[PDB]
Protein chains: 2
Amino acid sequence: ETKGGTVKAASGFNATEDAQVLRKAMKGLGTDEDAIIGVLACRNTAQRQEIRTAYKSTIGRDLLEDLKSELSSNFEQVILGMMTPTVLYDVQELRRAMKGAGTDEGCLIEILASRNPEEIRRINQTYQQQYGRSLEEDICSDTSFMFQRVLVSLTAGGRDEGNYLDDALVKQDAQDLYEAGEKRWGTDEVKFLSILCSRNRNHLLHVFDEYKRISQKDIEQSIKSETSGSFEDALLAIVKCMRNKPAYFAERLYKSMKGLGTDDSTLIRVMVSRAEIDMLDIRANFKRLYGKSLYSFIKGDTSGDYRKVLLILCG
Amino acid sequence: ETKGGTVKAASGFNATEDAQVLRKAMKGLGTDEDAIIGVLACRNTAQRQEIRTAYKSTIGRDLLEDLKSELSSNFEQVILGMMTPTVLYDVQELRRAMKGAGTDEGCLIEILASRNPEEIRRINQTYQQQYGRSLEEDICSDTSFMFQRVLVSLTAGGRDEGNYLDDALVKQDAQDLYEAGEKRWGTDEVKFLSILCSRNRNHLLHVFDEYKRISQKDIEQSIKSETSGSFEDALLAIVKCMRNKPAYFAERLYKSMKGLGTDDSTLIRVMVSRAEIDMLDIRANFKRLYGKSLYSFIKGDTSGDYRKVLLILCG
Ligand code: NA
Ligand code: NA
Ligand code: NA
Ligand code: NA
């Protein structure tokens, strides 16, 4: 296959025996990590929830608690992320990004620029239920000025939906972005915020093309020269997710691994969250952009059982 | 007229009185820029040298020094470029392109792809005499890998000259370019370098046509997809100068002015260096390519005495 996810529903699914295999893998000194991977990375997220249920009822134990106790470090993080329902995983990642003194702005941007409208609503509902604060409120206490405004707009949605295309308004929006940045002293960043957070995807694709026609620059090139900081990063992520969301994630993956070190938090979250959606597309775009396979990047930059499970999520 | 240069030798040429007019234009507070333009833009480069001689002997002053002291910014640059002998102007532009930490690769390409063999030899001789380094040596210290190799080949000449046309070798060169790029994994860039820097103009025109016949793509289209960076830009400039040098300069002019900003360095160098050679052809090709006049581009993108003198060089 060449598009869609890498992890699919397993055939012959037997949740009671999967639970047995996982218990045997952990019981006693030592762990059979290959069995844990060979079951869980070959079940989709829905099926992993059925295994959690069957493990409680037939093992009389808590599968997430046992996995947490038995596994450590990056391997634990991937397996626990894989075990978590989609909405709650995003909720937990947003909370972790804001918990305590720091802020993981890159995570906030990645999730809030890339999730679809219904996903965003579910995240808001579950975050508030779980923590007793709204996501918007936590974003406002962790961010300021224009960056706060873009993230709050992304949480509120309200972007025009659907695809109707008014050629005259496309032209005026492109002219207005040109006049708000490149053509003027300073940048009217509210105009950037307004157009990029309010227009529907189809309109914006047409605005980007027109912007290039009238300025000789890609809109990303003008966002980079005209804005800075986390606000710039947020605008770029919105543009990239509009143009080609799999290539946005391919870039996140490349930047998490290229050069010194690995940003494991980002590598893990992207691999877990996109495995069932568009990982095949992400792979194809990664190879197009970087002329190396995603598989070979993971293989070359990680090790151990962590590596083995990421390579299966990659396919 | 419709071909050749825009600036011609003036009739009634009186170098002593031209020198007087230029001195009066500058003497004292203020400058009569219209008189400076009205003399110098209406004399050819040879005649401007006779005015320099007459200014020393009858004014007892140095005309280039006075013009430098009195004029500023882009207007100064055009007037001083106009005052400089052809070979030395190219020499000074190549030196400026490499002086200090940066490199103006676009200037290196523009001059070295477009000048004729005897011009290139004169540039090499004068550059070494003036600076005590060879042009080749400075190009090698400022450029690397295949880009260095193409620029050094252009400086050495040695391209086959004349026009004899062997149909069988035309065919084999087109096949070899196809097999060295589009038909294969990777690109054999030495083969591109070899054919584009070694064959004579007439042969190459026949190779380009054949390349299109066998690949369905223009050679520029394959150079763009198969090569990158300054090496790509160099190959394209060589192809364009072989096909139609006035259209090459028309394109340089368009790109210097279209969209945000103006690349004054390129605009000035092209207007000064081509005024007496092929500016009428450049104008005709600019209009064909871009469906606007060159005059109207200059008028719309520059101002002041700078604009007035460029509009006269344009005709
Ligand atoms: Na925080
Ligand atoms: Na600006
Ligand atoms: Na240099
Ligand atoms: Na190739």
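Header annotation of the entry names X-ray crystallography as the structure determination method and lists the resolution as 1.35 Å.

Per the PDB entry, chain A is named Annexin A4, and its organism is Rattus norvegicus. This entry appears in the Protein Data Bank under the title "Crystal Structure Analysis of the Sodium-Bound Annexin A4 at 1.34 A resolution". According to the UniProt record, the Subcellular location (unreviewed entry) comment for chain A reads "Zymogen granule membrane". We quote the UniProt Sequence similarities (unreviewed entry) comment for chain A here in full: "Belongs to the annexin family."

Asker: What is the right way to look at the overall build of chain A in this model?
Answerer: Each helix and strand in chain A was counted, giving 19 helices and zero strands. Here the C-alpha radius of gyration of chain A, 21 Å, is about what a compact globule of 315 residues would show, namely 20 Å. Each principal axis of the C-alpha distribution contributes one length, and for chain A these read about 70 × 45 × 40 Å. Put simply, chain A has 315 residues, and 48% of those count as buried. Taking as baseline every contact in chain A between residues at least 6 positions apart, the subset at least 24 positions apart corresponds to 70%.

Asker: Sorry, what's going on with the pattern of salt bridges here?
Answerer: Opposite charge on two side chains makes pairing possible when the charged atoms of those side chains draw close. Tallied over the full model, the rule gives 38 salt bridges over all chains. Residues joined in a network through salt bridges with shared partners are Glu-93, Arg-96, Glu-110 and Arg-269 of chain A.

Asker: It is not clear to me how the coordination of the sodium ion (ligand 3) should be interpreted in this structure. Could you clarify?
Answerer: The expected angle between donors at a tetrahedral four-coordinate metal is 109.5 degrees. At an octahedral six-coordinate metal it is 90 or 180 degrees. Residue and element names in this part refer to chain B. The protein atoms that coordinate the sodium ion (ligand 3) are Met-98 (O), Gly-100 (O), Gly-102 (O) and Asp-142 (OD), at distances spanning 2.4 to 2.6 Å. Along the chain, the residues that donate to the sodium ion (ligand 3) are spaced as M-x1-G-x1-G-x39-D. Of this pair, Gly-100 sits in the loop between α6 (86-98) and α7 (105-114) while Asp-142 sits in helix α9 (residues 135-142), and the two are 42 residues apart along the sequence.

Asker: Explain the domain arrangement of chain A to me, please; I cannot follow it from the model alone.
Answerer: Reports of interface size often rely on the accessible area that becomes lost once the parts have come together. Domain boundaries assigned for chain A yield domain 1 (12-84), domain 2 (85-158), domain 3 (159-244) and domain 4 (245-315). Just the C-alpha atoms count here: the centres of domain 1 of chain A and domain 3 of chain A sit 45 Å apart.

Asker: Would you explain the coordination of the sodium ion (ligand 1) in this entry?
Answerer: Residue and element names in this part refer to chain A. Within the protein, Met-98 (O), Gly-100 (O), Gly-102 (O) and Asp-142 (OD) serve as the donor atoms for the sodium ion (ligand 1), at 2.4 to 2.6 Å. Taken in sequence order, the residues that donate to the sodium ion (ligand 1) follow the motif M-x1-G-x1-G-x39-D. For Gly-102, a relative accessible area of 44% puts it in the partly exposed group.

Asker: Looking at this structure, I do not really get the packing of helix α1 (residues 15-26) of chain B against helix α3 (residues 45-59) of chain B. What am I missing?
Answerer: The relative placement of two packed helices comes down to the angle between their axes together with the axis-to-axis distance. Residues and elements named next belong to chain B. For the pair α1 and α3, the least separation of the axes is 8 Å and the interaxial angle reads 70°. On the basis of their axis angle, the class for α1 and α3 is roughly perpendicular. Here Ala-15, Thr-16, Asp-18, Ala-19, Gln-20, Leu-22, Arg-23 and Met-26 of α1 come into contact with α3, specifically with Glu-50, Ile-51, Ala-54, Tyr-55, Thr-58 and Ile-59. Grouping the amino acids of the contact of α1 with α3 by side-chain chemistry returns eight nonpolar, three polar and three charged.

Asker: When you look at the environment of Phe-286 of chain A in this model, what are you seeing that I'm missing?
Answerer: Along the chain, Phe-286 of chain A turns up in helix α17 (residues 279-290). The spatial distance from the C-alpha of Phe-286 of chain A to the C-alpha of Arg-252 of chain A is 9.9 Å, given a sequence separation of 34 residues.

Asker: Looking at this structure, how should I read α7 of chain B?
Answerer: Note on helix geometry: an α-helix contains 3.6 residues per turn, so any two residues three or four positions apart are oriented the same way. All names here are of chain B. Within α7, eight of the 10 residues are buried, which leaves it mostly tucked inside the rest of the structure. All of the buried residues along α7 are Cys-107, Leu-108, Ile-109, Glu-110, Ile-111, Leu-112, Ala-113 and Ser-114. In this fold, the buried residues of α7 make contact with α6, α8 (117-131), α9, α10 (145-156), α15 (229-257) and α16 (264-274).

Asker: How should I be thinking about the packing of helix α15 (residues 229-257) of chain A against helix α16 (residues 264-274) of chain A in this particular structure?
Answerer: All names here are of chain A. Interhelical geometry of α15 versus α16 gives an angle of 150° and a closest axis separation of 9 Å. What the angle tells us is that α15 and α16 run roughly antiparallel. In this structure, the crossing between α15 and α16 has a hand that is left-handed. Here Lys-245, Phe-249, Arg-252, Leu-253, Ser-256 and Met-257 of α15 lie close against α16, whose contacting residues are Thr-266, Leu-267, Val-270, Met-271 and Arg-274. Here the residues of the contact of α15 with α16 are counted per class, giving six nonpolar, two polar and three charged.

Reading the values: the criteria
Residues numbered from 1 in each chain as written, not as in the entry; some residues may be left out. Chains lettered and ligands numbered in written order. Heavy atoms only, no water. UniProt positions renumbered as here; feature names shortened; annotations may be inferred. Helix = DSSP H or I, 4+ residues; strand = E, 2+ residues; numbered from the N terminus. Rg over C-alpha atoms; globule rule 2.2 N^0.38 Å. Buried < 20%, exposed > 50% of the residue type's maximum accessible area, 1.4 Å probe, protein only. Contact = heavy atoms within 4.5 Å. Salt bridge = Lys/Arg side-chain N within 4 Å of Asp/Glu carboxyl O. Donors = N, O, S within 2.8 Å, 3.2 Å for Na, K, Ca; no water. Domains from an automatic or database assignment. Axes fitted to C-alpha atoms, helices over the stretch in contact; angles between N-to-C directions. Parallel < 35°, antiparallel > 145°, perpendicular 65-115°, else oblique. Nonpolar A, V, L, I, M, F, W, Y, C, P; charged D, E, K, R; others polar. Left-handed = near helix turned anticlockwise from the far one by under 90°.

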